[PDB]
Amino acid sequence: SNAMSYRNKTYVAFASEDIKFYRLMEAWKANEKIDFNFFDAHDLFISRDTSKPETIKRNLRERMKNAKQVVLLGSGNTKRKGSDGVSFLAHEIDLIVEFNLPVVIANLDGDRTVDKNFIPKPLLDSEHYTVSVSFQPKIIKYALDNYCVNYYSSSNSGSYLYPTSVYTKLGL
Ligand SMILES: [Br-]
Ligand SMILES: [Br-]
Ligand SMILES: [Br-]
């Protein structure tokens with residue numbers, strides 16, 4: 001219950017408006033359409049009515065210290081909330097930048113390119129190396145297995161995509 005699997009390395013961050021897409025991701029795990037585990041902090045968001053903001057902030061920092069990599073669900077709500085300096089997602093994004101974690105942006109409209117209008121401004125301003133992929137299980141896992149593993153050794157900076165051959169070879 002409080003013990004965490006070593007294989008559960010991936011934190012998923014999203015704007016509260018986009019919870020439907022996260023639930024879809026949770027369906028994929030329960031129905032084994034995905035081949036990776038992940039965790040999140042939506043429980044802390046839910047408990048905001050019974051918790052003071054300073055308590056939520058400390059609990060969130062604590063939660064994110066266990067992440068090795070991030071899947072960021074990308075939409076216009078991601079950019080707005082993630083750039084506004086006050087929202088729950090804005091605090092997540094600040095920690096994600098501070099902890100220098102790799103980020104896979106999964107574009108919720110299926111865009112297989114970089115859409116900077118889905119990426120929060122602090123993450124763009126950090127110039128950290130990121131990759132943007134469609135919101136599809138197999139490309140997300142490919143990014144976790146490749147980009148995220150290579151993040152620290154790479155000399156690249158800023159926003160990348162995966163070329164069409166990667167999607168083709170995955171049967172997408
Ligand atoms: Br776990
Ligand atoms: Br939010
Ligand atoms: Br496309």
Side-chain angles (χ1 to χ4, degrees), residues 7-22 24-26 28-29 33-41 60 63-85 87-172:
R7 298 179 66 175
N8 195 353
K9 314 192 175 220
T10 304
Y11 187 91
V12 182
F14 53 96
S16 66
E17 290 87 349
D18 300 341
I19 183 69
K20 160 250 174 289
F21 290 90
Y22 186 56
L24 173 54
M25 244 184 112
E26 290 190 314
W28 294 343
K29 194 166 53 174
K33 190 167 176 184
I34 61 162
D35 208 66
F36 57 93
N37 207 355
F38 57 86
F39 65 113
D40 61 77
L60 185 56
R63 183 71 54 85
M64 192 96 50
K65 282 155 87 137
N66 303 285
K68 311 274 183 261
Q69 57 210 18
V70 174
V71 174
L72 182 63
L73 302 191
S75 78
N77 294 309
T78 312
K79 176 106 179 173
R80 177 178 23 269
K81 294 303 265 295
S83 311
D84 73 13
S87 69
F88 192 89
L89 181 62
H91 287 87
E92 296 185 286
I93 290 296
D94 185 55
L95 292 156
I96 287 159
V97 166
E98 176 191 339
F99 295 165
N100 193 36
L101 298 173
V103 184
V104 181
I105 297 97
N107 295 323
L108 297 181
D109 63 350
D111 195 334
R112 298 180 175 184
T113 75
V114 178
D115 189 347
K116 290 190 180 161
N117 300 301
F118 292 170
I119 303 179
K121 183 167 194 296
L123 181 58
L124 295 172
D125 287 352
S126 78
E127 293 176 356
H128 291 179
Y129 180 33
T130 66
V131 76
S132 296
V133 301
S134 55
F135 185 60
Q136 301 185 261
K138 286 178 189 167
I139 190 72
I140 290 169
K141 187 195 160 44
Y142 188 87
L144 300 178
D145 292 337
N146 291 274
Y147 156 78
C148 285
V149 170
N150 298 326
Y151 172 79
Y152 298 100
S153 64
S154 179
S155 62
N156 293 337
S157 59
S159 310
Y160 280 59
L161 52 69
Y162 274 122
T164 297
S165 62
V166 173
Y167 286 89
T168 302
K169 89 188 171 181
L170 296 167
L172 295 176

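Note that these values count all heavy atoms, side chains included, but never hydrogens, waters or copies made by symmetry. All residue numbers refer to positions in the sequence shown, counting from 1.
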* Asked: Would you find a donor on one side and an acceptor on the other, under 3.5 Å apart, between the side chain of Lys79 and the backbone of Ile119?
  -> yes

* Nearest heavy-atom pair of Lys68 and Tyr152: which atoms, and what distance? -> O-OH, 4.3 Å

* To do: May I ask you to decide if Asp40's main-chain N or O and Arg63's side chain share a donor-acceptor pair within less than 3.5 Å?
  => yes

* So, do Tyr142 and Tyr162 have ring centers that fall under 6.0 Å from each other? -> yes

* Does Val97 offer a backbone N or O that forms a donor-acceptor pair with the side chain of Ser126 under 3.5 Å? -> no

* Asked: With a 4.5 Å limit on heavy-atom distance, are the side chains of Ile140 and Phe135 in contact?
  -> yes

* **Other residues, nucleotides, ligands: >12 heavy atoms within 6.0 Å of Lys116 NZ** => no

* Say whether, by atom type as modelled, one donor and one acceptor occur between the side chain of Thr78 and the main chain of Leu73 under 3.5 angstrom. => yes

* Asked: Quick one: CG on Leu170 to NZ on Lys138, what's the gap to the nearest 0.5 Å?
  -> 7.5 Å

* To do: Please round to the nearest 0.5 Å and tell me the distance separating atom CG of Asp111 and atom CG of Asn117.
  => 10.5 Å

* Asked: Is the backbone N or O of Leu124 less than 3.5 Å from a side-chain atom of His128, with the two atoms forming a donor-acceptor pair by type?
  -> no

* To do: Decide yes or no for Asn66 and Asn8: does some side-chain heavy atom of the first lie under 4.5 Å from some side-chain heavy atom of the second?
  => no

* State, with a plain yes or no, whether a side-chain heavy atom of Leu101 is found less than 4.5 Å away from one of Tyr11. => no

* To do: For a side-chain contact (heavy atoms from CB on, under 4.5 Å) with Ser159, tell me which candidate from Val114, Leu123, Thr113, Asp115 qualifies.
  => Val114

* Asked: What distance do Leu161 atom CG and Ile105 atom CD1 have between them, rounded to the nearest 0.5 Å?
  -> 11.0 Å

* Under 30°, 30 to 60°, or over 60°: which ring-plane class applies to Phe14 and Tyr22, parallel, tilted or perpendicular? -> parallel

* **Which atom of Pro122 lies closest to which atom of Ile93, heavy atoms considered** => CB-CG2, 3.8 Å

* Quick one: does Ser83's side chain have a donor or acceptor within less than 3.5 Å of a partner on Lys121's backbone? -> yes

* Between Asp18 and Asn77, do the side chains contain an N or O donor and an N or O acceptor separated by less than 3.5 Å? -> yes

* Do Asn107 and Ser132 touch side chain to side chain, with heavy atoms closer than 4.5 Å? -> yes

* Can you tell me how far NZ of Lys65 sits from CG of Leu95, rounded to the nearest 0.5 angstrom? -> 9.5 Å

* Structure fact -> For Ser87 and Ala90, the nearest pair of non-hydrogen atoms, with its separation, is OG-N, 3.0 Å

* Asked: When you look at NZ of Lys33, are more than 12 heavy atoms from neighbouring residues, nucleotides or ligands closer to it than 6.0 Å?
  -> no

* Asked: Looking only at heavy atoms, what is the nearest atom pair of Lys29 and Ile34, with distance?
  -> CA-CG1, 3.5 Å

* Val166 and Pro163, any side-chain heavy atoms less than 4.5 Å apart -> yes

* Asked: Would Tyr167 and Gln136 satisfy side-chain hydrogen bond (donor to acceptor under 3.5 Å, both in side chains), going step by step from the backbone distance to the final call?
  -> CA-CA 10 Å; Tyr167 286 89; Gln136 301 185 261; over 6 Å; no

* **Any side-chain heavy-atom pair of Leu172 and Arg112 under 4.5 Å** => yes

* To do: Go through the side-chain N and O atoms of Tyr151 and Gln69 and say whether any donor and acceptor fall under 3.5 Å apart.
  => no

* Asked: Rounded to the nearest 0.5 Å, what separation is found between the CG atom of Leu60 and the CZ atom of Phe88?
  -> 4.5 Å

* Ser134 versus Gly110, closest heavy-atom pair with distance -> CB-O, 3.6 Å

* Asked: Which of these passes side-chain contact (heavy atoms from CB on, under 4.5 Å) with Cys148: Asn150, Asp145, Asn146, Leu144?
  -> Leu144

* Asked: Would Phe38 and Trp28 count as a close aromatic pair, with their ring centres under 6.0 Å?
  -> no

